[PDB]
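When the chains are written out, they are named A, B, C, D and E in that same order, and each has its own residue count from 1.
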Amino acid sequence: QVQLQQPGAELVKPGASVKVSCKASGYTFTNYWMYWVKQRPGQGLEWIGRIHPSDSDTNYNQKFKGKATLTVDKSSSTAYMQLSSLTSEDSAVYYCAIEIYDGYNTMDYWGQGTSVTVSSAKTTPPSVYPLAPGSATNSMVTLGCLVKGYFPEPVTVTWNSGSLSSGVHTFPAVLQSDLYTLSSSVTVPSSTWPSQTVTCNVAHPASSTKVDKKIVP
Amino acid sequence: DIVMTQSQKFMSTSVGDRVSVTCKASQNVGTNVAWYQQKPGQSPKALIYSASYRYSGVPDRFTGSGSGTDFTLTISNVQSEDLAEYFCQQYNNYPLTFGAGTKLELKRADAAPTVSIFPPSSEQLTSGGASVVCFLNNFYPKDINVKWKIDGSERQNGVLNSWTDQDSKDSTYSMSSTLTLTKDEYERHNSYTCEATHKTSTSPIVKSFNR
Amino acid sequence: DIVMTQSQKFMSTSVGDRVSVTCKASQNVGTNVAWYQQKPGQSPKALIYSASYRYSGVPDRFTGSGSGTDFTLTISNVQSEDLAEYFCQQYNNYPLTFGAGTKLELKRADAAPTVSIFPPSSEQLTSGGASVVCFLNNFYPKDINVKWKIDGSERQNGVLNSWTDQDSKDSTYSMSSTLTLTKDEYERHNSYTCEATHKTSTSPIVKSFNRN
Amino acid sequence: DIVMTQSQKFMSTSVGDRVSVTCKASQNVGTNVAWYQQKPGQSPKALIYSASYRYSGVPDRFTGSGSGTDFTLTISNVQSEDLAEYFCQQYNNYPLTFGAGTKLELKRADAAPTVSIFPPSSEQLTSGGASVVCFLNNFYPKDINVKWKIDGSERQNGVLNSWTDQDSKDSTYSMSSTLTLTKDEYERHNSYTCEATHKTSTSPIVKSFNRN
Amino acid sequence: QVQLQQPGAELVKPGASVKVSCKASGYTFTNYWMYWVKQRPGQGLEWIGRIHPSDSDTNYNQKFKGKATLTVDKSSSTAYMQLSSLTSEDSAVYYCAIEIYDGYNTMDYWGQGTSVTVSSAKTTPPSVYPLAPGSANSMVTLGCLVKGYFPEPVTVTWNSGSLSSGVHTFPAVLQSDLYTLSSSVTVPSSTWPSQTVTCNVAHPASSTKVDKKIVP
């Protein structure tokens, strides 16, 4: 399977430098252009540049000529984008992507995107609090999960390790007092809860935090 | 740089019907134009290359057209799963430049919210803080008002609100409102109420708890 | 000066249950501590002397305990008649010093207020003034909001609001709201409305009269 | 609280014509509605009270109308001096609440920008910094793009851009673009260029100076 | 003349408190309601409350009850609004205002507004640099760069206000806890460089008044 693997997040002080990685596997790494695109939070897509891993040939957007440097490591099949002299305008999600035409079909492959956050604040893992209804009774029951006080973005919220998908609303995080907070709700049959365990799984890769919070009655 | 101009920031249609995005290039780019679909929180997904050719996995509901400067992306049999932002892009000249994006909006009948209130967990109470959470799920239109009351007294400070995008299943909206207080401030009061005001009724939907 | 610090400003229970109030002394006072009960509008009433001994006429539901610095007054089978502010006191050291006082509260089910409106009396109209009185009796909880409307326009000035303490019979609360105008202003308008917003109803309780 | 909903965030017309901004009250506020005008950088100015009565000094071109929940402010013979944000307000109920504000815009013909470039002053060069300023004055419409080229090479780092509101004389827009460098980096190059891209020309308006 | 006098700006640390002053003159201070309005940067107007200086009767917007306290000092005809436990949401311009109906006409009177900035940064006065055109038309454009100050606001005039036409003063931009704005004036070529053109810059938060001549 063709895969592009990127780290989830990276926190970097202003004026420092960061090297985003894109580990390719399952295909001939030196046969396809590796593209890099940037997306500021809430904004549109921007093309940074592309590099051919065969000979490290590059095409840069002039806007990122001195800021972004594209390299490759053919011994590990990894592409690197280095961002230097970091400012607030550099905080964005950085995607790596390739396009493969095999003589029959054309397919695109994207990494998950690396959320780069430029700030002097340190990492804070999220506090996960269960949202149980309260004793004071219908065919459905809504449970919740409060993911409070983390930095930086992002976090991933799943229910029962992904077994619960229908009836799930995960709300966009809001920044307040230099910390992020989001919430998630799930609506399950009253025969499911409180009889069966319902678990809120929260992952915060910037702090290496994985918390499984059960919604106890 | 070549400017790709997507005129409309939003396009509207009903489930099952059709919709079209337009994108105009400042200079002649031939047919070297691509279209991308991006769902909230997900990586971009290429739909069209060479103005009218589909990537593998793209259904024929997505059709691209146009040459020179004017290009159009048409979506047929639109379903709620198609809710996303759509970008045009030119790759005929350097630098490669994207469009500003166009968000698909789906029309539907009005829907009243389902309101749930949640007291501060015993776990959070050990941290010196206290948050009361109010969920407002599956309502339409998006315009809604939440009002917190502490012993009948309105409280606007310490309130954090977040709205989801249009739902990928039923095209509704959801909202989460969290009222955060200190543990001692929370323990000085008894009645905590979440009041929801929406166009689907003149009487607000009220959810409350005590202690 | 010895300080007597009562931990709570308010103590809450239901009718029939029990409460307790604690008092902390800065220095040792042995057992020379007294407790007092003061109902609204009355002189204090001595309940306990020597920390644990009762005055004549005090029921056994009032029990005092403690020695040294930590003292406690317990009231069992609490009734609505027991609604008052309770004080501790030390008479071991001079000057004698009291506690700040703890007011007893009673939990009960919600109750919607009974609202009554009264136009200005003909007696007051001869004096040039005009007061509209609105009574809001026997509601719970104590939180309530009252607005005055004159022909639809809200008047939030010249209003005098008064709250009773918790009722000694049914543990409810009562409110009196008086809007005072001059006789000219009163005769310049027709509709006078007293609007009450309470937890017991999402819609306000409305009592009005037309001078017509 | 009463919600004063101004349906349009922007209202547009031409000079000498008329414009009307509406305001929707969530409850009947009678005619106790006021209108305010606030020009940029200035304190708010009251225009209308009691829905349709003008404050002293307010020209008759400003008229108010409506009763109950629907209200309309109408500006006749609009001039460039009327460029401001206009707020409706209700004072029938407490708390007093404003509308969100409707900003007035004036439609006019296109206008190419007058572009001026200014090298860093010798006074700033003593501080170790160097700012190159480019003024783009009196253009229409507002959409405009400025590219800074240092020796023919685009530079977007350190560019501070600022746009004025619509001019109160000719209804045009102006833009100021400052490119800030260090003293040593400014002296490492020679040609500094401000290029203005506007819909009034297919070719950019170019202004350059050589540091020599 | 009826006048309400507010200081231009105030810089307060977070969590501290500030007392905005509104000095009245030219009328009977105790005869009219004193109103207070808040406007956050770029936002709309909000009513904080009103106080009648005759007996200090008050009407408060419930949103600001614990935050704002309105008092008056009749011996100096001054109204005060105290803001406590200041946060970033309290950074705004605060207006005092009155309304006088005299039996004939109705007039409103507003203070200039006090720019309250809630920040932990200190004051920095602006550097004022002249923008003179390059060496060698019927009209010449001059400029003035007001760089690196905090907090807002600053006042920019040309020739002490004598030059008003052809002036473009641009809104300030915040970068790295410092504000920067610019100002341009276009005058006849017979005016400059034959006559002096002076950029007057005032920054009340730092007691700074700089008059920068535009020298060829």
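One rule holds for everything that comes next: a residue touches a chain if its C-beta (ideal position, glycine included) is under 8 Å from a C-beta of that chain, and two chains touch if they have at least 3 such contacts.
Put simply, the chain closest to the centre of the protein, by Cα centroids, is B. With each centre defined as the average position of its C-alpha atoms, the distance from subunit A to subunit D rounds to 38 Å.
With each centre defined as the average position of its C-alpha atoms, the distance from subunit B to subunit C rounds to 50 Å. Rounded to a whole number, the gap between the C-alpha centres of subunit B and subunit D is 30 angstrom.
For subunit E, the set of residues that touch two or more other chains comprises 59, 62-63. Among the residues of subunit C, those in touch with two or more other chains are 156. Chain pairs that touch one another, listed by label: A-B, A-D, B-C, B-E, C-D, C-E, D-E. On the side of subunit C, the complex with subunit B involves touching residues 141, 143-145, 197-199, 202-203. Listing the residues of subunit E that touch subunit D in their complex gives 37, 44-47, 59, 61-63, 95, 97, 99, 105-108, 110-113, 127, 129-134, 141, 143, 145, 147, 165, 168-173, 175, 180-182, 184, 186.
Across the interface of their complex, subunit E is touched by residues 36, 38, 43-46, 49, 53, 55-57, 85, 87, 89, 94-101, 114, 116-121, 123-124, 127, 131, 133, 135, 137, 160-164, 167, 169, 174-176, 178, 209 of subunit D. Those residues of subunit E whose C-beta lies close enough to touch subunit C in the complex are 57, 59. Residues 28, 30, 32, 92-94 of subunit D are the ones that touch subunit C when the two sit in their complex.
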